Number of protein chains: 4
Amino acid sequence: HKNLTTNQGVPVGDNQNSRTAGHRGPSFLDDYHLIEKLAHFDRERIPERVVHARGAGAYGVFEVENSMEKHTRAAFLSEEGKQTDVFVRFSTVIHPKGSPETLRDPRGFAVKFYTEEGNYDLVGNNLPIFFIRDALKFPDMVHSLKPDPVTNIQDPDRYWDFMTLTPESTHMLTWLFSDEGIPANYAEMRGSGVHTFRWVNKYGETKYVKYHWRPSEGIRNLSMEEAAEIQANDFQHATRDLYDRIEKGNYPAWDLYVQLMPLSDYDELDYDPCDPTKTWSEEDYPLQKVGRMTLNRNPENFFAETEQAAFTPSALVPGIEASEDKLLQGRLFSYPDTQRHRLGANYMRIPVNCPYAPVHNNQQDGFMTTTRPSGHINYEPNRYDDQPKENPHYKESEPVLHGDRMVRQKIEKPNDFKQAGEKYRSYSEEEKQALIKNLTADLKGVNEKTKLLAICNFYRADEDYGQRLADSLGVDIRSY
Amino acid sequence: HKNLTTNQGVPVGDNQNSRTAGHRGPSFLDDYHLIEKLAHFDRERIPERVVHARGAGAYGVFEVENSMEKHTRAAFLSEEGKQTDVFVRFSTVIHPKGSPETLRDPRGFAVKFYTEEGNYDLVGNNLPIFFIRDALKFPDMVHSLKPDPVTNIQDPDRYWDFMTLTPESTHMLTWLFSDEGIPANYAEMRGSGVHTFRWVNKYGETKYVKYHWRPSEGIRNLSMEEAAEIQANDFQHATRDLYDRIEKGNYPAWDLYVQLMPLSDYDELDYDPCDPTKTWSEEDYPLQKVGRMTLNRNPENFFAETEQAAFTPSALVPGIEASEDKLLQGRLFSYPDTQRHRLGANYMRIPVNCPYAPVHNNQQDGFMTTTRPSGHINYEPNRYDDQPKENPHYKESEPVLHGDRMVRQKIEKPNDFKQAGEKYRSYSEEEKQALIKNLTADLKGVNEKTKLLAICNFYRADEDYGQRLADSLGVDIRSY
Amino acid sequence: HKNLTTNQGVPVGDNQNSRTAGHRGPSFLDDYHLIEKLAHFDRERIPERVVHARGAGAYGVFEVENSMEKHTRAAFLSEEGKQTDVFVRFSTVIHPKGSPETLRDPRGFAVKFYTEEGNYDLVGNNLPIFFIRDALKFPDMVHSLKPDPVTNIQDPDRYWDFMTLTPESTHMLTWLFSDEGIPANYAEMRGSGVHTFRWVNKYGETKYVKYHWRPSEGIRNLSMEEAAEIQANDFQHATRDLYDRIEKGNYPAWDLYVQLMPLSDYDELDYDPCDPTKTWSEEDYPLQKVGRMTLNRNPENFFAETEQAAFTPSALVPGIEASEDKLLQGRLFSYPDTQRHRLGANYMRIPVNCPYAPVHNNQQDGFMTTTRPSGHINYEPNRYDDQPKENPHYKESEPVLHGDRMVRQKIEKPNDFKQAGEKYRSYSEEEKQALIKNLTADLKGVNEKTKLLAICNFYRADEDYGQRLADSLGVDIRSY
Amino acid sequence: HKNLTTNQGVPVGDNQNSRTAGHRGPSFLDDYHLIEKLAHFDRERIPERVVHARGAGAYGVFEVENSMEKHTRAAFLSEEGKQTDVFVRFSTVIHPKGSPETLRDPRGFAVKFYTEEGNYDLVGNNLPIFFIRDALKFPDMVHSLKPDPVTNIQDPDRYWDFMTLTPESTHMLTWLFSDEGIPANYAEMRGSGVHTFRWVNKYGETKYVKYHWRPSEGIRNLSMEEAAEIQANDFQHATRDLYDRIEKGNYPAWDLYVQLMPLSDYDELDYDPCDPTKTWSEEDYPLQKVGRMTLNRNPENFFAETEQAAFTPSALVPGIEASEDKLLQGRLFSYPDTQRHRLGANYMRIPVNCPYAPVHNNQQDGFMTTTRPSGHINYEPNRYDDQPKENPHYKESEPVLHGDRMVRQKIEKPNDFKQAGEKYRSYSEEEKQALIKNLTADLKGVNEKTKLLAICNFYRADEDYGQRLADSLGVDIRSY
Ligand code: HEM
Ligand code: HEM
Ligand SMILES: Oc1ccccc1Cl
Ligand SMILES: Oc1ccccc1Cl
Ligand SMILES: Oc1ccccc1Cl
Ligand SMILES: Oc1ccccc1Cl
Ligand SMILES: [Cl-]
Ligand SMILES: [Cl-]
Ligand SMILES: [Cl-]
Ligand SMILES: [Cl-]
Ligand SMILES: [Cl-]
Ligand SMILES: [Cl-]
Ligand code: NA
Ligand code: NA
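Residues numbered from 1 in each chain as written, not as in the entry; some residues may be left out. Chains lettered and ligands numbered in written order. Heavy atoms only, no water.

Chemist: Explain the overall build of chain A to me, please; I cannot follow it from the model alone.
Modeler: A count of helical and extended segments in chain A gives twelve helices and twelve strands. For chain A, whose C-alpha radius of gyration is 25 Å, the value lies close to the compact-globule estimate of 23 Å for 480 residues. Judged by the C-alpha coordinates and their principal axes, chain A covers about 85 × 65 × 50 Å. In chain A, 73% of the contacts between residues at least 6 apart in sequence involve partners at least 24 apart. As displayed, chain A offers around 15,500 Å² of accessible surface, 47% of which is attributable to carbon and sulfur atoms. Both charge centroids of chain A, one from 58 positive and one from 75 negative side chains, sit 3 Å from each other. (Helix = DSSP H or I, 4+ residues; strand = E, 2+ residues; numbered from the N terminus. Rg over C-alpha atoms; globule rule 2.2 N^0.38 Å. Contact = heavy atoms within 4.5 Å. Areas by Shrake-Rupley, 256 points an atom, 1.4 Å probe, with all protein chains shown as cover. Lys, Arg positive; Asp, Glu negative; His and termini not counted. Charge placed at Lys NZ, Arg CZ, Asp CG, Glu CD.)

Chemist: Just checking my understanding: could you explain the coordination of the iron atom of ligand 1 for this structure?
Modeler: Expected angles at a metal are 109.5 degrees for tetrahedral coordination by four donors and either 90 or 180 degrees for octahedral coordination by six donors. Among protein atoms, the single one acting as a donor to the iron atom of ligand 1 is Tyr335(A) (OH), 2.3 Å away. In this structure, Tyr335(A) sits in helix α8 (residues 326–343). (Donors = N, O, S within 2.8 Å, 3.2 Å for Na, K, Ca; no water.)

Chemist: Explanation requested: the interface of chain B and chain D in the structure shown.
Modeler: The accessible area lost on association of the parts is a frequent measure of interface size. Tallying the contact residues gives 104 residues for chain B and 103 residues for chain D. Both faces considered, chain B and chain D share a buried interface measuring about 8,800 Å² in area, 55% of it formed by carbon and sulfur atoms. On the chain B side of the contact with chain D, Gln8(B), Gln363(B) and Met368(B) bury the most area, a combined 9% of that side's loss. Linking chain B with chain D are two salt bridges. Linking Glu396(B) and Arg19(D) is a salt bridge whose minimum nitrogen-to-oxygen distance equals 3.9 Å. For the pair chain B and chain D, the number of links is 44 residue pairs in polar contact. At the level of secondary structure, the elements contributing two or more residues to the side of chain B that touches chain D comprise α1 (32–42), β5 (118–125), α7 (302–307), β11 (320–322) and α8 (326–343) of chain B. A per-element tally of the side of chain B that touches chain D places α8(B) first, with nine residues. (Buried area = accessible area lost by both parts, 1.4 Å probe. Salt bridge = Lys/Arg side-chain N within 4 Å of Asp/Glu carboxyl O. Polar contact = N/O pair within 3.5 Å; in protein donor to acceptor, adjacent residues only side chain to side chain.)

Chemist: Would you mind going over the environment of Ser397(D) with me for this structure?
Modeler: Counting through the fold element by element, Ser397(D) comes out in the loop between α8 (326–343) and β12 (406–407). Classification of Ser397(D) by relative accessible area gives buried; the value is 14%. When residues no more than four places from it in sequence are discounted, the contact partners of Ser397(D) are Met406(A), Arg19(B), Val200(D) and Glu321(D). (Buried < 20%, exposed > 50% of the residue type's maximum accessible area, 1.4 Å probe, protein only.)

Chemist: Just checking my understanding: could you explain the pairing of strand β8 (residues 206–215) of chain B for this structure?
Modeler: Looking down a regular strand, the side chains alternate between one sheet face and the other. Residue and element names in this part refer to chain B. A large share of β8 lies buried, amounting to eight of its ten residues. The pairing of strand β6 (residues 191–192) with β8 spans two bridges and is classified as antiparallel. Among the inter-strand pairings, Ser192 is bridged to a residue of β8, identified as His212. Judged from the four bridges that link them, strand β7 (residues 197–200) and β8 form a sheet pairing that is antiparallel. (Pairing = 2+ DSSP bridges.)

Chemist: Looking at this structure, I do not really get the relation of the copies chain C and chain B. What am I missing?
Modeler: For the pair of chain copies, the relating transformation is a rotation about an axis with a translation along it. Under the fitted operation, chain C is carried onto chain B by 0.0 Å of movement along the axis and a turn of 180 degrees, and the coordinates agree to an RMSD of 0.1 Å. Each copy turns onto its partner about a two-fold axis. When the interface residues of chain C are mapped onto chain B, 98% of them again fall at the interface, so both copies present the same face. (Least-squares fit on C-alpha atoms.)

Chemist: Any chance you could explain the interface of chain C and chain B here in plain terms?
Modeler: Contacts between the two partners involve 55 residues from chain C and, on the opposite side, 54 residues from chain B. Both faces combined, the contact of chain C with chain B buries some 4,600 Å², and carbon together with sulfur accounts for 53% of it. Between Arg383(C) and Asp161(B) there is a salt bridge, with its nearest N and O atoms 3.6 Å apart. Scanning the region where chain C abuts chain B turns up 34 residue pairs in polar contact. Among the secondary structure elements, those contributing two or more residues to the side of chain C that touches chain B are α1 (32–41), α2 (138–145), α3 (156–164), α8 (326–343), β12 (406–407) and α11 (448–461) of chain C. The residue inventory of the side of chain C that touches chain B, partitioned by class, reads 21 nonpolar, 17 polar and 17 charged. (Nonpolar A, V, L, I, M, F, W, Y, C, P; charged D, E, K, R; others polar.)

Chemist: Explain the relation of the copies chain B and chain D here, please?
Modeler: Overlaying chain B with chain D gives an RMSD of 0.1 Å, the required rotation being 180 degrees about an axis along which the chain moves by 0.0 Å. Here 99% of the interface residues in chain B have copies in chain D that are interface residues too; the copies meet face to matching face.

Chemist: Even after reading the chapter, I still don't get the site of ligand 4, so can you show me in this structure?
Modeler: Residues and elements named next belong to chain B. Around ligand 4 sit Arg104, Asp105, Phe131, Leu145, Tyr159, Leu173, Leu176 and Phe177, and those are all the residues in its vicinity. Coverage of ligand 4 by the protein amounts to 97% of the 260 Å² it exposes when considered alone. Here the shell around ligand 4 is built from residues that sort into six nonpolar, no polar and two charged. (Near = heavy atom within 4 Å.)

Chemist: How should I be thinking about the side chain of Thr92(B) in this particular structure?
Modeler: Here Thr92(B) lies in the loop between β3 (83–91) and β4 (108–115). For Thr92(B), a relative accessible area of 3% gives the class buried.

Chemist: Looking at this structure, I do not really get a negative patch on the surface. What am I missing?
Modeler: All names here are of chain A. On the surface, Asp267, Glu268, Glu282, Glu283 and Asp284 cluster together into a patch of negative charge. Its location among the elements puts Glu282 in the loop between β9 (253–262) and β10 (288–297). Overall, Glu282 belongs to the partly exposed group, its relative accessible area being 43%. (Patch = residues over 30% accessible without salt bridge, like charges linked within 9 Å, V, L, I, M, F, W, Y side chains within 5 Å.)

Chemist: Before we go on, may I ask you to explain the environment of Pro414(A) in this structure?
Modeler: Residue and element names in this part refer to chain A. Checked against the element boundaries, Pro414 lands in the loop between β12 (406–407) and α9 (418–426). Residues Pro414 and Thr277 lie 137 residues apart in sequence; the distance between their C-alpha atoms is 9.0 Å. In contact with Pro414, not counting residues within four places along its chain, are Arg133, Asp275 and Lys278.

Chemist: Looking at this structure, how should I read the coordination of the sodium ion (ligand 14)?
Modeler: Residues and elements named next belong to chain C. The sodium ion (ligand 14) binds to the protein through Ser67 (OG), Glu80 (OE) and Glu80 (OE); the donor distances cover 2.2 to 3.1 Å. One end of the pair, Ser67, is in the loop between β2 (55–64) and β3 (83–91); the other, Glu80, is in the loop between β2 and β3, with 13 residues separating them in the sequence. By relative accessible area, which is 16% here, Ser67 ends up buried.

Chemist: Help me out: how do you make sense of the site of ligand 1 in this one?
Modeler: Near ligand 1 you find 23 residues, and of these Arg49(A), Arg89(A), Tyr335(A), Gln339(A) and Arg342(A) are the closest. Ligand 1 sits at the junction of chains A and B, each of which supplies nearby residues. In this structure, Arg89(A) approaches ligand 1 through a side-chain N or O atom, which is 2.6 Å from an oxygen atom. Between ligand 1 and the protein, one listed contact pairs an oxygen atom with a side-chain N or O atom of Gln339(A) at 3.0 Å. Residue assignment for the shell around ligand 1 shows that the elements contributing at least two residues are β4 (108–115), β5 (118–125) and α8 of chain A. It is α8(A) that provides the largest number of residues to the shell around ligand 1, a total of seven residues. The residue makeup of the shell around ligand 1, split by class, is eleven nonpolar, seven polar and five charged.

By themselves, these figures tell us nothing about what the structure is for.
Right under this line is the structure:
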């Protein structure tokens with residue numbers, strides 16, 4: 001048995017009635033419990049994520065099967081059997097908190113690994129590529145996809161205008177308009193690092209790496225009609241499903257695979273291996289098994305732990321570094337930047353975001369300082385041997401630059417259509433039909449000129465792809 | 001033709017490519033356009049409304065048919081034919097911003113009247129009563145209705161626990177679990193002030209008043225199964241419907257009626273006329289027509305205008321005052337309190353929130369001071385005749401207090417069950433069946449003890465009501 | 001020996017050099033340590049207190065000498081020898097952080113008592129009265145005293161315009177323009193609760209109380225010329241003095257006295273005993289010793305503990321209640337209100353502000369939730385006997401109301417000049433000379449009309465007071 | 001004559017009394033004027049600048065005498081006689097907002113030019129060099145100089161520990177401990193761009209440039225004893241002096257000079273021309289006159305205009321670009337980053353910060369959106385010819401990179417002592433004496449080892465310099 005108290009720790013005599021002039025009269029200003037309780041209620045909400053606002057989280061463990069020390073000095077990957085705690089958030093992308101989990105969208109697949117050498121965030125999506133290859137375009141892309149800023153309703157004519165004029169998007173769209181555009185839930189779902197990263201071993205040798213997560217539950221998708229049926233009955237079925245699996249002891253898991261590529265392979269490929277609109281052939285760069293992630297614990301509080309969770313691709317650990325991927329480069333900045341605003345300058349002190357590894361540095365103050373700081377020395381260099389010092393054992397690599405000059409210039413070999421064609425051809429006939437059907441429902445009402453440009457882009461990917469789409473949209477393209 | 005610029009007004013040479021070390025190398029910190037554009041994108045979002053987060057807005061005009069100067073000095077109501085601009089936001093209640101408009105919930109009905117004597121906000125709902133009668137209980141109620149703080153899913157067992165132990169809620173539930181719990185859209189919908197207010201005429205005479213909005217489009221509701229059918233295909237159908245009506249010139253409208261009651265009738269009744277769990281008889285206190293509100297203009301920008309709109313029941317104008325209703329009394333505080341956090345200390349300067357009437361006072365500064373302030377004098381009293389002075393012509397009334405002590409104590413004659421029974425008996429058989437059906441779906445999974453207490457509460461309202469609900473739930477209540 | 005780390009817990013390899021294109025080239029965006037470190041530095045600052053921004057804090061102990069249970073049920077006062085931890089902040093008032101401690105001003109004297117029944121804040125000043133008696137005037141008074149909003153320099157012509165037109169200020173000014181307007185430091189300084197409060201014993205009997213703190217070090221003040229001498233060489237001498245005393249083991253202390261007055265004495269006094277422009281006679285209502293407060297510990301971190309400290313007069317504990325004082329009534333609201341903005345919605349979780357008594361309630365969420373919340377139940381009433389419940393043993397008293405109407409109307413018996421005269425006459429000749437000298441230096445440049453009105457006010461207090469001031473200003477007052 | 005109103009535009013009937021239970025009773029919650037007025041008062045303050053918190057601003061005009069088109073395409077410099085409006089803020093550095101203007105510090109000298117091709121900020125200081133040459137060290141430096149985080153008092157032992165271990169500081173200190181460490185006021189003061197920048201002409205030819213501002217009022221400085229004497233009587237004398245000059249029509253002015261250096265001179269020098277611890281010889285790179293700035297208008301509102309002013313070295317205009325200076329590079333990021341936090345995401349809409357040039361881009365929303373946005377298109381590329389487009393005429397240069405790797409590594413030729421010695425020798429004997437005197441007063445209490453290292457650093461600058469300092473400190477350095 002416990003007292004209800006104010007935040008001052010004074011027990012509350014009456015949590016039912018305001019303080020009034022007699023039993024029915026107007027309310028008095030001297031009602032500290034009322035004001036305090038209303039004032040806090042009034043401040044419960046914080047800004048949602050600018051994208052991936054709808055989501056769900058869970059904790060678990062990652063266990064190494066095959067040490068990766070040949071290729072990366074990353075501590076968490078150093079030994080067979082090595083276990084690292086994780087927190088994972090899954091999400092949709094475009095619509096706000098509260099929006100349905102039955103909509104078409106990439107799904108987020110964000111994993112925080114609590115390593116001995118710091119927190120490592122792998123901030124992935126289910127699909128292995130992206131729409132654009134430079135961060136400067138991200139707000140444009142997002143704005144085009146988001147609900148129209150007048151009507152508050154998402155409009156195909158807006159995002160198809162942007163996508164058609166951004167033909168590097170063609171490969172991504174060829175995945176997103178398969179039925180994998182609507183995963184059945186978060187468990188029966190693929191995961192992908194998307195970007196090429198750099199793995200650096202104990203000799204300082206670098207390889208390019210890509211990450212893949214393979215669901216123990218298998219991949220399952222929803223047709224447009226299956227999605228609608230679920231939407232009727234539950235706008236939050238994926239969030240429900242994840243919680244319930246875990247609660248009943250049916251823990252979902254994913255195996256982690258990598259592909260590895262020598263840096264030297266750049267110059268021989270017909271695409272840039274750091275263009276995130278591209279995948280790497282699994283024939284030429286086979287999947288290699290690393291280990292397994294099992295999710296086995298729901299959070300105690302959704303707001304404190306899932307809503308306040310902060311991931312960043314720039315949360316890298318020794319042995320794992322960014323590539324030159326220009327999309328990735330922008331992300332390094334944008335996540336902690338947005339998080340400082342969404343969560344506060346001290347967001348890294350929120351329990352879910354805290355490292356297991358020790359934190360010692362000379363930063364200070366900021367809104368909501370709760371950590372009991374002490375000491376006179378908040379500057380380096382200083383004369384005190386016991387104060388925190390740099391540690392050159394932990395320097396990052398020094399990647400070679402091939403450019404002469406600071407430039408704003410697209411990558412060479414953009415090759416916007418080829419892989420999109422390859423992917424189309426890899427689809428079964430059923431999958432090809434679903435693709436075309438899903439594309440047609442999206443494009444049928446879009447401006448004619450934009451519609452034609454979309455057809456042309458998919459025609460450049462593959463002539464059958466393009467023609468089938470044109471037939472299904474009733475567009476005669478013979479004259480071109 | 002225009003340049004794309006930075007916020008510094010410098011034309012942008014390249015809005016496609018980040019600045020890099022050659023065409024494929026990593027990105028440079030000296031890229032002001034990239035950082036500025038990503039930084040602003042990163043800060044687009046502000047906190048959603050703590051309740052009523054999902055909603056839609058429109059502008060229109062209110063026109064007086066019958067002048068009300070006999071009963072209120074309110075300027076906007078003073079003359080036949082007098083037109084006043086309005087902004088209106090409609091909303092659901094519980095779920096966040098992106099949530100479906102097909103869920104059961106009261107609907108918000110908030111009207112901002114831009115009057116010559118200031119802005120008047122009539123912050124209503126469709127349904128004419130409320131679940132509780134004291135503001136101290138509002139965070140409890142909301143917390144019980146909101147998604148469970150662990151699962152992120154709304155749970156009938158949680159809100160039913162609260163509602164059953166809060167039997168003043170019995171009348172509201174009797175309305176909410178009719179099919180009016182899911183209005184077909186925002187146009188075909190009732191509006192209510194809910195609270196009793198005080199109207200004060202030029203002689204200082206006071207009457208109690210209640211407000212009612214009657215849709216020109218008629219009231220139409222959705223069954224559970226009709227709601228699901230819509231939800232399958234559109235999670236923002238009401239928002240769509242409102243915009244589209246207005247866009248095609250099919251302007252929705254509502255006629256404003258009041259009921260007026262002498263303060264001296266308090267003793268003539270078996271309920272407190274300022275208990276917002278109660279309605280007033282339309283036989284005894286007939287509806288009197290005031291005028292008509294027509295919505296005829298969509299906003300230019302949803303975020304700037306609808307999302308940032310701020311209403312408060314405390315935005316009262318001379319002649320229109322609060323009653324002693326304890327629920328209302330807390331609302332007077334909570335809305336501007338939450339708005340200062342949600343929108344900033346200067347939220348009253350956001351264009352939609354600005355009065356048409358002049359503003360002059362001695363307030364200053366605050367985040368985002370955009371108004372070009374000037375002058376040396378920011379204090380009153382002062383020696384300068386041309387500086388703003390109080391105007392005793394605009395004093396409010398001095399309501400009589402019947403209590404002689406500061407107390408926390410429930411009102412006399414709570415009478416929690418009677419009007420609920422009256423409302424039940426007023427329903428057609430079809431409506432009664434829908435009520436029972438809707439209640440049974442909601443209650444069938446809740447804790448047995450809580451389930452029985454619900455039945456007992458609705459039994460106290462009306463024995464048939466109760467028994468029918470018990471039968472439908474399979475609960476044998478013979479032993480009691 | 002410790003590593004310098006990022007906030008992710010990764011050891012920093014180089015805390016000296018940014019990451020660049022060769023040894024002298026421009027900087028790269030992929031420098032997480034640089035961006036994280038700069039970004040936190042960039043966010044160190046929070047808003048300063050709107051008033052009392054300059055100040056210093058310390059911890060200590062309060063020990064009861066005479067138990068007060070006859071007059072108050074306050075737990076911390078219940079018996080002889082009982083010790084309670086305190087935190088105390090002293091301050092100036094008007095000028096910002098950084099401003100000199102040698103300026104004229106009241107000094108703040110804020111004491112936070114960490115009691116077993118919750119935190120009790122006695123938010124005092126050195127001087128025992130105030131300039132105004134209604135909180136509605138506080139922004140005006142402050143705005144008049146603060147630096148001119150055009151020039152950023154405090155202007156006597158401004159605050160004298162306000163004070164002269166606000167003659168209830170006459171008593172306060174008669175204290176503030178003695179040399180006690182500049183205490184020598186924070187240790188050799190009076191403390192005052194200022195307001196009358198209500199003390200309520202276990203039988204529910206109420207008395208009016210006033211609080212007084214008497215320095216073990218004695219009261220010492222600075223002349224204008226002694227202040228100027230110190231100001232030349234140290235703009236933080238009081239903050240220095242406090243810290244150094246405590247560091248040397250020379251702990252400053254204050255004895256707590258109260259005066260106690262029956263509520264029934266209201267009606268026979270010639271002033272309102274809850275007018276905070278009034279003191280009570282120490283002959284008629286003698287000082288009664290309660291105990292002693294010793295300050296013996298400097299904070300570990302000035303920002304975290306002294307800058308983020310939050311006191312409110314509404315932080316009351318059972319047995320100690322507000323009076324009807326209209327100045328106090330506004331303060332009950334304004335402190336937690338300003339704190340929510342200055343510090344965050346969760347400021348009560350900042351360690352210095354935390355109670356020693358348990359906190360359990362149903363509030364949730366808010367920016368920077370760091371407390372690891374858990375559980376499904378965040379609403380009351382609920383069906384769970386182990387969840388926090390109200391406890392009616394802790395109800396507050398039910399003060400009698402003498403008014404029958406909601407009014408805006410000055411108190412009866414304002415008696416603006418009498419006690420000012422009494423205070424003037426109580427001064428030694430030396431003190432009277434200092435008063436006149438200090439007033440003359442402040443008034444000599446102000447508008448002639450305002451200057452006359454000031455003279456007139458102090459003349460109404462005492463004719464010698466007024467004439468001496470007029471002579472010293474060279475103002476001929478014969479025609480009046 | 002005007003009414004006092006609420007922010008709702010309702011006239012205020014009584015700005016003197018709170019609303020109470022009779023003329024002497026407690027206060028009612030239903031007092032919207034009181035709560036609104038207090039609540040805004042409670043939110044007046046925003047965070048101060050993390051450095052240069054104390055300062056003063058003024059508007060004026062810059063007029064070109066010699067067009068610079070041969071060296072830079074900058075529009076504002078293109079024609080003889082061309083006038084551009086400016087806003088200028090001057091400041092100290094270390095202590096907070098209310099702190100004295102008599103302290104030792106660099107002074108800030110920040111100029112915002114409202115040009116036809118965007119706002120150009122030249123964010124200078126009076127002194128022409130800086131303590132450090134890499135932004136990664138800035139928070140360390142600042143933390144060492146700032147008041148101790150325990151005591152809130154600045155401590156020479158702290159900043160001397162940092163400076164001695166950071167010997168690149170030796171030149172800066174040799175300026176700052178002359179009497180120019182305390183300018184007499186803001187008018188009789190030097191100004192400096194400090195950094196080398198890049199000027200780019202219409203042919204794309206680049207030169208290195210340095211800026212210098214020469215006061216029409218001449219340079220005047222204060223001895224330690226003259227500073228103390230002013231401090232006694234006025235803690236804001238520079239702010240006062242600026243305002244009063246301008247109010248009287250005695251407008252202060254500065255002539256703008258540049259030095260220009262070919263990029264190819266890098267190899268011709270014994271220091272890095274982009275090392276901001278270095279000046280360029282005026283013999284070898286003579287001062288060339290550009291024009292004159294006159295300050296002639298005080299702001300209307302100190303908070304709205306001077307306090308909310310935002311300057312950034314990254315507010316560059318076509319023809320004026322950053323250099324590779326690593327100190328400057330960090331600044332490009334840190335100003336807008338801090339400003340977003342200090343002022344809000346939309347701080348560029350605060351009137352003083354607004355460009356005169358048109359602003360058109362696809363950014364949207366953010367706290368306090370007051371600009372009336374409209375339109376459906378917030379993304380580029382788009383199909384609409386009339387929407388804002390990039391303009392390749394406004395591309396920046398493509399500086400050549402000499403490094404082939406991403407590195408963290410000090411510049412070559414740091415040459416930490418030489419120019420410090422040159423500057424010492426350039427001092428008159430009087431100035432040398434003042435230098436030594438000022439240094440000795442600062443060093444005499446610091447840790448002996450730190451003290452010795454300081455002496456050694458200044459000895460390496462110049463043996464006389466070092467020996468004189470050692471003698472004056474009573475440190476025997478025979479034996480080194
Ligand atoms: C330039 C490209 C991109 C930018 C600028 C960007 C930006 C952002 C931002 C600002 C957030 C909000 C972060 C927060 O509030 O914590 C976010 C969330 C997220 N983004 Fe991205 N994003 C980009 C590309 C991608 C890519 C390629 C992926 C996957 C490969 C991705 C996956 C995610 C995920 C999963 C989240 C949610 C993290 C969470 O659940 O808390 N984004 N993004
Ligand atoms: C103690 C009882 C209540 C409290 C404390 C309360 C509190 C609040 C708060 C804090 C908000 C969000 C405001 C904002 O973010 O701007 C809100 C929104 C709202 N409430 Fe209530 N409320 C209560 C009862 C009611 C009642 C009785 C009605 C109708 C009679 C109602 C109708 C609304 C509406 C319509 C909105 C949304 C306004 C809009 O569209 O922007 N509420 N309430
Ligand atoms: O990116 C998306 C998401 C949903 C629908 C269509 C597209 Cl292109
Ligand atoms: O208040 C609500 C809202 C939706 C469903 C049920 C209840 Cl009680
Ligand atoms: O205890 C109960 C329960 C349900 C209906 C009637 C009664 Cl009396
Ligand atoms: O090593 C030192 C120290 C101080 C002065 C001169 C020298 Cl060479
Ligand atoms: Cl650090
Ligand atoms: Cl706030
Ligand atoms: Cl005001
Ligand atoms: Cl609570
Ligand atoms: Cl921010
Ligand atoms: Cl843009
Ligand atoms: Na009429
Ligand atoms: Na006793």
